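The structure file final_19.pdb is reproduced below (PDB, C-alpha atoms).
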ATOM      1  CA  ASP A   1     144.693 283.785 208.947
ATOM      2  CA  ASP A   2     147.346 285.623 211.085
ATOM      3  CA  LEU A   3     149.545 282.543 211.756
ATOM      4  CA  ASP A   4     147.509 282.372 214.990
ATOM      5  CA  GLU A   5     144.034 281.337 216.275
ATOM      6  CA  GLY A   6     142.286 278.463 214.436
ATOM      7  CA  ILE A   7     142.749 275.251 216.438
ATOM      8  CA  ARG A   8     145.539 274.000 218.717
ATOM      9  CA  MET A   9     146.943 270.529 217.945
ATOM     10  CA  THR A  10     149.332 268.529 220.140
ATOM     11  CA  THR A  11     150.536 264.909 219.980
ATOM     12  CA  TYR A  12     149.196 262.459 222.598
ATOM     13  CA  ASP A  13     152.662 261.573 223.960
ATOM     14  CA  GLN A  14     153.472 265.230 224.725
ATOM     15  CA  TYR A  15     150.146 265.483 226.574
ATOM     16  CA  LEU A  16     150.708 262.473 228.867
ATOM     17  CA  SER A  17     154.222 263.562 229.888
ATOM     18  CA  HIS A  18     153.645 267.217 230.833
ATOM     19  CA  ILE A  19     149.909 267.889 231.097
ATOM     20  CA  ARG A  20     148.571 264.552 232.404
ATOM     21  CA  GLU A  21     150.892 264.114 235.416
ATOM     22  CA  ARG A  22     150.430 267.766 236.444
ATOM     23  CA  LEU A  23     146.627 268.128 236.311
ATOM     24  CA  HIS A  24     146.625 264.781 238.142
ATOM     25  CA  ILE A  25     148.113 266.329 241.306
ATOM     26  CA  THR A  26     144.939 268.393 241.807
ATOM     27  CA  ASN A  27     141.544 266.730 242.352
ATOM     28  CA  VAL A  28     140.084 267.416 238.900
ATOM     29  CA  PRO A  29     138.301 264.758 236.778
ATOM     30  CA  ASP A  30     140.359 263.756 233.710
ATOM     31  CA  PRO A  31     139.762 265.808 230.508
ATOM     32  CA  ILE A  32     136.515 264.935 228.712
ATOM     33  CA  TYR A  33     136.713 262.970 225.456
ATOM     34  CA  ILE A  34     135.695 264.831 222.300
ATOM     35  CA  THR A  35     132.297 263.607 221.130
ATOM     36  CA  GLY A  36     131.653 261.870 217.810
ATOM     37  CA  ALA A  37     128.396 263.788 218.015
ATOM     38  CA  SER A  38     128.272 267.543 218.681
ATOM     39  CA  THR A  39     128.652 269.001 222.166
ATOM     40  CA  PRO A  40     129.515 272.689 221.532
ATOM     41  CA  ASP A  41     127.449 273.289 224.681
ATOM     42  CA  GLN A  42     129.342 271.430 227.427
ATOM     43  CA  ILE A  43     132.803 271.310 225.765
ATOM     44  CA  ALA A  44     133.886 274.143 228.087
ATOM     45  CA  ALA A  45     131.479 273.164 230.902
ATOM     46  CA  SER A  46     133.223 269.811 231.396
ATOM     47  CA  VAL A  47     136.518 271.622 230.709
ATOM     48  CA  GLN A  48     135.565 274.116 233.452
ATOM     49  CA  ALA A  49     135.773 271.341 236.070
TER      50      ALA A  49
ATOM     51  CA  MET B   1     145.725 253.164 221.281
ATOM     52  CA  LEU B   2     143.706 251.069 218.807
ATOM     53  CA  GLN B   3     140.017 250.366 219.422
ATOM     54  CA  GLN B   4     137.594 247.738 218.126
ATOM     55  CA  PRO B   5     134.297 248.594 216.396
ATOM     56  CA  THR B   6     133.043 245.165 217.434
ATOM     57  CA  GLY B   7     134.552 243.875 214.215
ATOM     58  CA  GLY B   8     137.528 243.128 216.418
ATOM     59  CA  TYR B   9     141.277 243.472 215.879
ATOM     60  CA  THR B  10     141.010 240.414 213.589
ATOM     61  CA  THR B  11     138.880 242.446 211.168
ATOM     62  CA  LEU B  12     142.118 244.299 210.459
ATOM     63  CA  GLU B  13     145.029 244.182 208.003
ATOM     64  CA  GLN B  14     147.471 245.363 210.700
ATOM     65  CA  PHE B  15     148.038 241.727 211.665
ATOM     66  CA  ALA B  16     146.814 238.774 209.599
ATOM     67  CA  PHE B  17     147.637 235.091 209.868
ATOM     68  CA  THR B  18     149.075 233.770 206.609
ATOM     69  CA  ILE B  19     151.115 230.652 205.906
ATOM     70  CA  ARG B  20     153.832 230.732 203.256
ATOM     71  CA  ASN B  21     153.876 227.836 200.809
ATOM     72  CA  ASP B  22     153.578 227.148 197.075
ATOM     73  CA  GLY B  23     156.201 229.718 196.104
ATOM     74  CA  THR B  24     153.955 232.584 197.191
ATOM     75  CA  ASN B  25     152.081 233.494 200.415
ATOM     76  CA  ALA B  26     148.626 232.013 201.096
ATOM     77  CA  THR B  27     145.796 232.237 203.648
ATOM     78  CA  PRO B  28     145.054 229.217 205.954
ATOM     79  CA  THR B  29     141.811 228.461 204.041
ATOM     80  CA  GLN B  30     143.702 227.632 200.823
ATOM     81  CA  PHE B  31     146.133 225.325 202.644
ATOM     82  CA  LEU B  32     143.702 222.983 204.425
ATOM     83  CA  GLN B  33     142.184 221.825 201.147
ATOM     84  CA  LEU B  34     145.204 219.562 200.629
ATOM     85  CA  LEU B  35     144.582 217.546 203.810
ATOM     86  CA  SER B  36     142.866 214.348 202.633
ATOM     87  CA  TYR B  37     142.079 211.488 205.042
ATOM     88  CA  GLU B  38     140.715 207.953 205.412
ATOM     89  CA  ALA B  39     139.811 205.697 208.365
ATOM     90  CA  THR B  40     141.580 203.020 210.462
ATOM     91  CA  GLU B  41     138.780 201.790 212.856
ATOM     92  CA  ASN B  42     139.430 202.963 216.475
ATOM     93  CA  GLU B  43     136.453 205.097 217.546
ATOM     94  CA  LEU B  44     137.529 208.454 218.982
ATOM     95  CA  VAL B  45     134.476 209.641 220.934
ATOM     96  CA  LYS B  46     133.854 213.145 222.310
ATOM     97  CA  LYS B  47     134.008 213.301 226.112
ATOM     98  CA  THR B  48     132.868 216.225 228.294
ATOM     99  CA  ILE B  49     135.230 219.086 229.190
ATOM    100  CA  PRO B  50     135.553 219.915 232.929
ATOM    101  CA  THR B  51     135.324 223.615 233.860
ATOM    102  CA  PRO B  52     138.517 225.445 234.950
ATOM    103  CA  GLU B  53     139.232 226.619 238.507
ATOM    104  CA  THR B  54     138.574 230.273 239.274
ATOM    105  CA  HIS B  55     141.524 230.896 241.524
ATOM    106  CA  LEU B  56     144.027 233.152 239.766
ATOM    107  CA  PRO B  57     147.742 232.870 240.583
ATOM    108  CA  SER B  58     149.514 235.923 241.982
ATOM    109  CA  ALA B  59     151.922 237.823 239.798
ATOM    110  CA  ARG B  60     154.844 237.807 242.182
ATOM    111  CA  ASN B  61     156.297 241.271 242.329
ATOM    112  CA  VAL B  62     158.524 241.793 239.323
ATOM    113  CA  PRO B  63     160.439 244.924 238.222
ATOM    114  CA  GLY B  64     161.181 245.385 234.521
ATOM    115  CA  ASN B  65     158.718 243.838 232.078
ATOM    116  CA  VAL B  66     158.441 240.369 230.541
ATOM    117  CA  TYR B  67     157.183 239.556 227.048
ATOM    118  CA  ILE B  68     154.073 237.724 228.214
ATOM    119  CA  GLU B  69     153.119 237.054 224.556
ATOM    120  CA  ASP B  70     156.473 235.461 223.630
ATOM    121  CA  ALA B  71     156.084 232.503 225.994
ATOM    122  CA  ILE B  72     152.451 231.732 225.055
ATOM    123  CA  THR B  73     153.610 230.895 221.511
ATOM    124  CA  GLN B  74     157.177 229.844 222.412
ATOM    125  CA  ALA B  75     155.626 226.932 224.307
ATOM    126  CA  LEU B  76     152.715 225.866 222.065
ATOM    127  CA  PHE B  77     154.271 226.037 218.615
ATOM    128  CA  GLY B  78     157.802 226.584 219.675
ATOM    129  CA  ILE B  79     159.967 224.759 217.168
ATOM    130  CA  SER B  80     163.496 225.076 218.491
ATOM    131  CA  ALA B  81     163.971 222.757 221.372
ATOM    132  CA  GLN B  82     162.392 224.314 224.420
ATOM    133  CA  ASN B  83     163.653 223.111 227.762
ATOM    134  CA  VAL B  84     161.679 222.898 230.953
ATOM    135  CA  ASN B  85     159.291 225.821 231.174
ATOM    136  CA  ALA B  86     156.908 224.721 233.944
ATOM    137  CA  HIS B  87     158.697 227.474 235.861
ATOM    138  CA  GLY B  88     158.698 231.142 234.844
ATOM    139  CA  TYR B  89     157.236 234.639 234.726
ATOM    140  CA  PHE B  90     154.135 233.206 233.065
ATOM    141  CA  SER B  91     151.393 234.828 235.154
ATOM    142  CA  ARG B  92     152.136 238.570 235.090
ATOM    143  CA  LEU B  93     148.853 238.428 233.147
ATOM    144  CA  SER B  94     146.711 238.520 236.315
ATOM    145  CA  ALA B  95     148.123 241.989 237.048
ATOM    146  CA  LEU B  96     145.779 243.211 234.281
ATOM    147  CA  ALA B  97     142.709 241.370 235.612
ATOM    148  CA  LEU B  98     141.899 243.969 238.298
ATOM    149  CA  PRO B  99     139.691 247.056 237.482
ATOM    150  CA  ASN B 100     141.795 250.235 237.797
ATOM    151  CA  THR B 101     145.385 249.030 237.108
ATOM    152  CA  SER B 102     147.907 251.172 235.225
ATOM    153  CA  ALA B 103     149.855 248.247 233.726
ATOM    154  CA  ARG B 104     149.137 248.148 229.992
ATOM    155  CA  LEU B 105     149.472 245.505 227.282
ATOM    156  CA  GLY B 106     151.088 246.819 224.092
ATOM    157  CA  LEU B 107     151.012 245.593 220.521
ATOM    158  CA  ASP B 108     153.876 243.331 219.361
ATOM    159  CA  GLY B 109     153.459 241.286 222.579
ATOM    160  CA  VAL B 110     154.767 243.011 225.734
ATOM    161  CA  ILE B 111     153.356 243.859 229.185
ATOM    162  CA  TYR B 112     154.423 247.328 230.387
ATOM    163  CA  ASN B 113     154.254 248.384 234.038
ATOM    164  CA  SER B 114     153.419 251.973 233.144
ATOM    165  CA  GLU B 115     152.296 253.064 229.746
ATOM    166  CA  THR B 116     155.386 254.618 228.220
ATOM    167  CA  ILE B 117     155.958 257.092 225.395
ATOM    168  CA  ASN B 118     155.294 256.104 221.740
ATOM    169  CA  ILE B 119     153.864 252.589 222.237
ATOM    170  CA  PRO B 120     150.533 251.450 220.667
ATOM    171  CA  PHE B 121     148.503 249.176 222.946
ATOM    172  CA  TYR B 122     145.178 247.313 223.012
ATOM    173  CA  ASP B 123     142.120 248.864 224.678
ATOM    174  CA  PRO B 124     142.440 248.717 228.527
ATOM    175  CA  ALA B 125     138.780 247.638 228.921
ATOM    176  CA  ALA B 126     138.706 244.588 226.617
ATOM    177  CA  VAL B 127     142.094 243.299 227.806
ATOM    178  CA  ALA B 128     140.503 242.812 231.241
ATOM    179  CA  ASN B 129     138.210 239.921 230.239
ATOM    180  CA  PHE B 130     141.077 238.272 228.325
ATOM    181  CA  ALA B 131     142.999 238.148 231.628
ATOM    182  CA  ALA B 132     140.200 236.892 233.920
ATOM    183  CA  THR B 133     140.344 233.784 231.712
ATOM    184  CA  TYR B 134     143.972 233.396 230.549
ATOM    185  CA  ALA B 135     145.880 234.586 233.627
ATOM    186  CA  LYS B 136     144.414 231.325 234.922
ATOM    187  CA  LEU B 137     147.108 229.738 232.721
ATOM    188  CA  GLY B 138     149.702 230.671 235.378
ATOM    189  CA  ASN B 139     148.955 227.570 237.441
ATOM    190  CA  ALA B 140     149.639 225.079 234.642
ATOM    191  CA  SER B 141     152.055 222.874 236.594
ATOM    192  CA  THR B 142     150.759 223.268 240.159
ATOM    193  CA  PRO B 143     149.785 219.784 241.374
ATOM    194  CA  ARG B 144     146.027 219.381 241.876
ATOM    195  CA  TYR B 145     145.392 221.952 239.136
ATOM    196  CA  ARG B 146     146.964 220.718 235.900
ATOM    197  CA  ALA B 147     144.593 219.513 233.186
ATOM    198  CA  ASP B 148     144.601 215.976 231.764
ATOM    199  CA  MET B 149     146.839 215.300 228.788
ATOM    200  CA  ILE B 150     144.665 212.679 227.107
ATOM    201  CA  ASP B 151     140.949 213.421 226.709
ATOM    202  CA  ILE B 152     141.217 216.975 225.306
ATOM    203  CA  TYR B 153     143.007 215.612 222.251
ATOM    204  CA  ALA B 154     139.833 213.753 221.341
ATOM    205  CA  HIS B 155     138.258 217.211 221.129
ATOM    206  CA  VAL B 156     141.118 218.475 218.962
ATOM    207  CA  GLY B 157     140.896 215.852 216.181
ATOM    208  CA  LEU B 158     137.143 216.314 215.786
ATOM    209  CA  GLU B 159     137.974 219.927 214.864
ATOM    210  CA  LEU B 160     140.606 219.987 212.090
ATOM    211  CA  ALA B 161     139.601 216.654 210.498
ATOM    212  CA  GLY B 162     135.951 216.185 211.477
ATOM    213  CA  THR B 163     133.404 216.467 208.675
ATOM    214  CA  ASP B 164     130.259 218.067 210.173
ATOM    215  CA  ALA B 165     128.266 214.926 209.311
ATOM    216  CA  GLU B 166     130.236 213.482 212.251
ATOM    217  CA  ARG B 167     130.499 216.239 214.901
ATOM    218  CA  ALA B 168     126.693 216.589 214.998
ATOM    219  CA  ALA B 169     126.631 213.061 216.463
ATOM    220  CA  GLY B 170     129.686 213.487 218.712
ATOM    221  CA  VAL B 171     131.500 210.410 217.430
ATOM    222  CA  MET B 172     134.010 209.812 214.642
ATOM    223  CA  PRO B 173     136.402 207.155 213.249
ATOM    224  CA  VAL B 174     140.133 207.732 213.930
ATOM    225  CA  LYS B 175     141.734 209.216 210.817
ATOM    226  CA  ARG B 176     145.156 209.168 209.151
ATOM    227  CA  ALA B 177     145.763 212.508 207.450
ATOM    228  CA  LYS B 178     148.026 213.007 204.495
ATOM    229  CA  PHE B 179     148.598 216.109 202.387
ATOM    230  CA  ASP B 180     151.177 216.758 199.638
ATOM    231  CA  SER B 181     154.460 218.384 200.668
ATOM    232  CA  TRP B 182     157.776 219.970 199.678
ATOM    233  CA  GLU B 183     161.113 220.017 201.574
ATOM    234  CA  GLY B 184     161.106 220.915 205.271
ATOM    235  CA  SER B 185     157.369 220.841 205.515
ATOM    236  CA  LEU B 186     156.138 220.372 209.070
ATOM    237  CA  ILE B 187     159.139 222.244 210.519
ATOM    238  CA  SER B 188     158.622 225.110 208.040
ATOM    239  CA  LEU B 189     155.001 225.752 209.072
ATOM    240  CA  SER B 190     156.220 225.985 212.687
ATOM    241  CA  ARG B 191     158.959 228.585 212.018
ATOM    242  CA  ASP B 192     156.109 230.315 210.149
ATOM    243  CA  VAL B 193     153.027 230.122 212.429
ATOM    244  CA  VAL B 194     155.138 231.185 215.448
ATOM    245  CA  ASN B 195     155.242 234.878 214.483
ATOM    246  CA  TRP B 196     151.489 235.378 214.081
ATOM    247  CA  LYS B 197     150.397 237.729 216.894
ATOM    248  CA  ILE B 198     148.205 235.241 218.794
ATOM    249  CA  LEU B 199     147.077 237.946 221.262
ATOM    250  CA  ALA B 200     145.385 239.718 218.332
ATOM    251  CA  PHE B 201     143.062 236.691 218.183
ATOM    252  CA  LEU B 202     142.424 235.601 221.795
ATOM    253  CA  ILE B 203     141.309 239.078 222.885
ATOM    254  CA  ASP B 204     138.443 238.944 220.415
ATOM    255  CA  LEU B 205     137.092 235.669 221.796
ATOM    256  CA  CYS B 206     136.340 237.068 225.275
ATOM    257  CA  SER B 207     134.780 240.402 224.203
ATOM    258  CA  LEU B 208     132.882 240.260 220.891
ATOM    259  CA  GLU B 209     129.186 239.647 221.538
ATOM    260  CA  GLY B 210     126.592 237.375 219.977
ATOM    261  CA  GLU B 211     126.036 239.646 216.998
ATOM    262  CA  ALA B 212     129.747 239.789 216.142
ATOM    263  CA  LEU B 213     130.636 236.410 217.683
ATOM    264  CA  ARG B 214     128.617 234.239 215.292
ATOM    265  CA  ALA B 215     130.184 236.267 212.467
ATOM    266  CA  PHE B 216     133.607 236.200 214.159
ATOM    267  CA  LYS B 217     133.568 232.400 214.598
ATOM    268  CA  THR B 218     132.736 231.974 210.894
ATOM    269  CA  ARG B 219     135.702 233.903 209.457
ATOM    270  CA  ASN B 220     138.175 232.581 212.031
ATOM    271  CA  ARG B 221     137.207 228.923 212.423
ATOM    272  CA  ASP B 222     140.158 228.514 210.030
ATOM    273  CA  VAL B 223     142.894 230.552 211.753
ATOM    274  CA  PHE B 224     142.044 228.182 214.610
ATOM    275  CA  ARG B 225     142.187 225.068 212.403
ATOM    276  CA  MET B 226     145.743 226.110 211.505
ATOM    277  CA  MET B 227     147.387 226.638 214.908
ATOM    278  CA  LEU B 228     145.585 223.411 215.833
ATOM    279  CA  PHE B 229     147.162 221.316 213.061
ATOM    280  CA  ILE B 230     150.797 222.111 213.893
ATOM    281  CA  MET B 231     150.011 221.664 217.591
ATOM    282  CA  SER B 232     148.785 218.173 216.588
ATOM    283  CA  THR B 233     151.852 216.857 214.703
ATOM    284  CA  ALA B 234     153.721 217.433 217.966
ATOM    285  CA  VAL B 235     151.736 214.435 219.244
ATOM    286  CA  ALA B 236     151.146 211.971 216.353
ATOM    287  CA  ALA B 237     152.942 208.597 216.504
ATOM    288  CA  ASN B 238     154.434 208.554 212.957
ATOM    289  CA  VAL B 239     155.363 210.961 210.124
ATOM    290  CA  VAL B 240     156.546 208.533 207.391
ATOM    291  CA  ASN B 241     156.141 209.992 203.899
ATOM    292  CA  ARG B 242     154.630 207.890 201.111
ATOM    293  CA  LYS B 243     156.027 208.088 197.577
ATOM    294  CA  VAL B 244     154.232 208.373 194.237
ATOM    295  CA  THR B 245     156.278 208.490 190.988
ATOM    296  CA  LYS B 246     157.656 212.020 191.463
ATOM    297  CA  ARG B 247     155.279 213.232 194.185
ATOM    298  CA  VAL B 248     155.669 213.021 197.985
ATOM    299  CA  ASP B 249     152.956 212.755 200.681
ATOM    300  CA  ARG B 250     153.279 213.487 204.412
ATOM    301  CA  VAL B 251     151.115 210.797 205.922
ATOM    302  CA  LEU B 252     150.526 211.547 209.583
ATOM    303  CA  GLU B 253     149.925 208.516 211.784
ATOM    304  CA  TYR B 254     146.968 209.210 214.079
ATOM    305  CA  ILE B 255     145.646 212.757 214.345
ATOM    306  CA  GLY B 256     143.313 213.196 217.334
ATOM    307  CA  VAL B 257     144.621 210.353 219.509
ATOM    308  CA  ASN B 258     147.327 211.398 221.894
ATOM    309  CA  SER B 259     150.543 209.464 222.422
ATOM    310  CA  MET B 260     153.322 210.776 224.673
ATOM    311  CA  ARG B 261     156.322 211.425 222.398
ATOM    312  CA  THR B 262     156.849 213.056 219.005
ATOM    313  CA  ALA B 263     156.993 211.259 215.718
ATOM    314  CA  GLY B 264     159.103 214.158 214.458
ATOM    315  CA  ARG B 265     162.310 213.698 216.435
ATOM    316  CA  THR B 266     164.097 215.332 213.500
ATOM    317  CA  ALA B 267     161.349 215.565 210.861
ATOM    318  CA  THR B 268     158.842 217.682 212.834
ATOM    319  CA  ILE B 269     158.329 219.890 215.914
ATOM    320  CA  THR B 270     158.773 218.275 219.353
ATOM    321  CA  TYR B 271     157.184 218.640 222.799
ATOM    322  CA  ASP B 272     158.577 217.889 226.271
ATOM    323  CA  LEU B 273     157.130 216.605 229.580
ATOM    324  CA  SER B 274     156.887 220.148 230.997
ATOM    325  CA  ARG B 275     155.040 221.129 227.797
ATOM    326  CA  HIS B 276     152.497 218.269 227.866
ATOM    327  CA  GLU B 277     150.969 219.768 231.020
ATOM    328  CA  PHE B 278     151.015 223.180 229.332
ATOM    329  CA  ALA B 279     149.245 222.212 226.084
ATOM    330  CA  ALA B 280     146.491 220.517 228.098
ATOM    331  CA  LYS B 281     146.015 223.661 230.203
ATOM    332  CA  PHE B 282     145.787 225.852 227.085
ATOM    333  CA  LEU B 283     143.627 223.491 224.987
ATOM    334  CA  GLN B 284     141.221 223.055 227.914
ATOM    335  CA  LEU B 285     140.978 226.780 228.745
ATOM    336  CA  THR B 286     140.437 227.841 225.141
ATOM    337  CA  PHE B 287     137.809 225.294 224.157
ATOM    338  CA  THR B 288     135.265 226.417 226.726
ATOM    339  CA  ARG B 289     135.647 229.961 225.410
ATOM    340  CA  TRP B 290     135.442 228.875 221.767
ATOM    341  CA  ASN B 291     132.854 226.124 221.813
TER     342      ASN B 291
END
Mind turning this structure into structure tokens?
Amino acid sequence: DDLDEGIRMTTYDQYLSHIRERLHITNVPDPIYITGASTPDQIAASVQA
Amino acid sequence: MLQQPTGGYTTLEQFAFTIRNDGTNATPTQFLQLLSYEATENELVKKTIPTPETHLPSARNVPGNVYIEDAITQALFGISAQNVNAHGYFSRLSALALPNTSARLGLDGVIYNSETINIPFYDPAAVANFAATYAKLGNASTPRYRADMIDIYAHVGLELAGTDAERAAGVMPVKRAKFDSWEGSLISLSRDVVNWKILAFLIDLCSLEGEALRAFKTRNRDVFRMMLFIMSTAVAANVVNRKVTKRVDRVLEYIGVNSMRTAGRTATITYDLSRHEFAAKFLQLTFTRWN
């Protein structure tokens, strides 16, 4: 444990208000959708862009 | 932000179309069994249906947001007297028809300009095809565009009261349909079928593909034969109720033949001149998509 690490969860409405209108100012393609299949390869590669 | 697995939003318990009668709540399928009919000898033959016109009206700039869904039902099955409605914010729909738009269509039956916080809405991709067909309902009273309020009704009666043995030949004998009733009856089904979430149905028609369209049309050919019955008693010439010993029947004059004024007056739901043009524009637009 440590009350830290693990995974970071946030509600969709909090995302659209703060994160979505701010990453939108720059010319970066919108965040990639999590795959139903596994993509532990490009998860950060598409997040890199 | 609900999505469809190609089962469609109708394959869901979120919103389901159920009539209330018999002291408990029942599904449309159970109701229709009560509708028994005979023949009166005036052949109601199936004509052809002319294709709609592609031109889409323009959603004149409008701030705020109108309840696009409200009016769709508030005209068709609206019970309480509805005044002239040929005018109105009835075509904000087309503002969803274009590819990249931000305007979203929520659940409950609203059309937001910008998706706002905490509001569940249909999928932005499958609401596009629904618009490129129904936004065309904006020009319902423009002269040289309006449909014809006579021939479509022939199509309607062959649906809710046509035994297949007949539709396969395209011709049927005019019927007089009577089921058994209770108190308010015809008016009660209207106050009931109004709040049904019609958008939860129509979206499915323009998206779901042959695999899940043949299966969709089989489980929902009854939710259609319900909002088609009420819409019909707003046309019939008479509503006089026959009497048994203790029982009461709601004989309906001539389903499937269209007159111009309601038999209900007081007994059933009523249309208006501005609504006759509207029902013909809906009934015409929807049949091509269905059939």
Item to complete: For chain A, list the residues within 10 Å of chain B, counting all atoms listed in the file, and write the list as a ChimeraX atom specification.
Response: /A:12-14,16-17
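Between residue B:140 and the residues B:187, B:152, B:283, B:257, the shortest atom-to-atom distance, using all atoms listed in the file, involves B:283.
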Fill in: Atom pair atom CA of residue B:263 / atom CA of residue B:238: separation (Å)
4.6 Å
Worksheet item: If you count all atoms listed in the file, which residues fall within 9 Å of residue A:32, apart from same-chain ones fewer than 4 positions away, as a list in words?
Response: residues 43, 46 and 47 of chain A
Worksheet entry | Test item: the PyMOL selection byres ((chain B and resi 84) around 10) resolved as a PyMOL selection string | chain B and resi 75+81-83+85-88+272-275
Residues within 12 Å of residue A:15, please, as a PDB file with C-alpha atoms, keeping the file's coordinate frame. Count only C-alpha atoms; anything in the same chain fewer than 6 positions from it doesn't count.
ATOM      1  CA  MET A   9     146.943 270.529 217.945  1.00  0.00           C
ATOM      2  CA  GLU A  21     150.892 264.114 235.416  1.00  0.00           C
ATOM      3  CA  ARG A  22     150.430 267.766 236.444  1.00  0.00           C
ATOM      4  CA  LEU A  23     146.627 268.128 236.311  1.00  0.00           C
ATOM      5  CA  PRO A  31     139.762 265.808 230.508  1.00  0.00           C
TER       6      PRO A  31
ATOM      7  CA  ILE B 117     155.958 257.092 225.395  1.00  0.00           C
ATOM      8  CA  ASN B 118     155.294 256.104 221.740  1.00  0.00           C
TER       9      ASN B 118
END
Practice prompt. Write out as JSON, numbers by chain which residues come within 10 Å of stretch 220-236 of chain B when counting only C-alpha atoms, dropping same-chain ones fewer than 3 positions away.
Written response: {"B": [10, 11, 16, 17, 18, 19, 27, 28, 29, 30, 31, 32, 76, 77, 78, 79, 153, 156, 157, 159, 160, 161, 176, 186, 187, 189, 190, 193, 194, 196, 198, 201, 215, 216, 217, 239, 252, 253, 254, 255, 256, 257, 258, 259, 260, 261, 262, 263, 264, 265, 268, 269, 270, 271, 272, 276, 279, 283, 290]}
Fill in: Residue list as an MDAnalysis selection string for point (127.4, 245.7, 215.2), cut-off 12 Å, all atoms listed in the file
chainID B and resid 4:8 208:216
Which residues fall under the PyMOL selection byres ((chain B and resi 62) around 12) in this file, as a PDB file with C-alpha atoms, in the coordinates of the input?
ATOM      1  CA  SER B  58     149.514 235.923 241.982  1.00  0.00           C
ATOM      2  CA  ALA B  59     151.922 237.823 239.798  1.00  0.00           C
ATOM      3  CA  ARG B  60     154.844 237.807 242.182  1.00  0.00           C
ATOM      4  CA  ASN B  61     156.297 241.271 242.329  1.00  0.00           C
ATOM      5  CA  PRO B  63     160.439 244.924 238.222  1.00  0.00           C
ATOM      6  CA  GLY B  64     161.181 245.385 234.521  1.00  0.00           C
ATOM      7  CA  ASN B  65     158.718 243.838 232.078  1.00  0.00           C
ATOM      8  CA  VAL B  66     158.441 240.369 230.541  1.00  0.00           C
ATOM      9  CA  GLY B  88     158.698 231.142 234.844  1.00  0.00           C
ATOM     10  CA  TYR B  89     157.236 234.639 234.726  1.00  0.00           C
ATOM     11  CA  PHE B  90     154.135 233.206 233.065  1.00  0.00           C
ATOM     12  CA  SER B  91     151.393 234.828 235.154  1.00  0.00           C
ATOM     13  CA  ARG B  92     152.136 238.570 235.090  1.00  0.00           C
ATOM     14  CA  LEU B  93     148.853 238.428 233.147  1.00  0.00           C
ATOM     15  CA  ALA B  95     148.123 241.989 237.048  1.00  0.00           C
ATOM     16  CA  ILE B 111     153.356 243.859 229.185  1.00  0.00           C
ATOM     17  CA  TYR B 112     154.423 247.328 230.387  1.00  0.00           C
ATOM     18  CA  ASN B 113     154.254 248.384 234.038  1.00  0.00           C
TER      19      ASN B 113
END
Mind checking which residues fall within 8 Å of residue B:181, counting all atoms listed in the file, ignoring those fewer than 6 positions away in the same chain, and posting them as a compact mmCIF listing (two decimals) with C-alpha atoms, in the coordinates of the input?
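What follows is the written file around-v3.txt:
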# COMPACT_ATOMS: atom_id res chain seq x y z
CA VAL B 248 155.67 213.02 197.98
CA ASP B 249 152.96 212.76 200.68
CA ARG B 250 153.28 213.49 204.41
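In this model, the gap between atom CA of residue B:74 and atom CA of residue B:137 comes to 14.4 Å.
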Enclosing box along x, y and z for every listed atom of stretch 86-103 of chain B, padded 8 Å each side, centre and size in Å, one decimal, as JSON:
{"center_x": 149.2, "center_y": 237.9, "center_z": 235.7, "size_x": 35.0, "size_y": 42.5, "size_z": 21.2}
Practice prompt. Give as a PyMOL selection string each residue that has an atom at most 8 Å from (141.7, 231.2, 231.2) in the file, counting all atoms listed in the file.
Written response: chain B and resi 52+130-137+282+285-286
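From atom CA of residue B:70 back to atom CA of residue B:207, the distance works out to 22.3 Å.
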Fill in: Exercise: residue B:247 partners within 12 Å, all atoms listed in the file, chain neighbours under 4 positions left out, as a PyMOL selection string
chain B and resi 179-183+241-243
Worksheet, complete the sentence: In terms of all atoms listed in the file, the residue from B:164, B:204, B:38, B:277 at minimal distance from residue B:123 is B:204
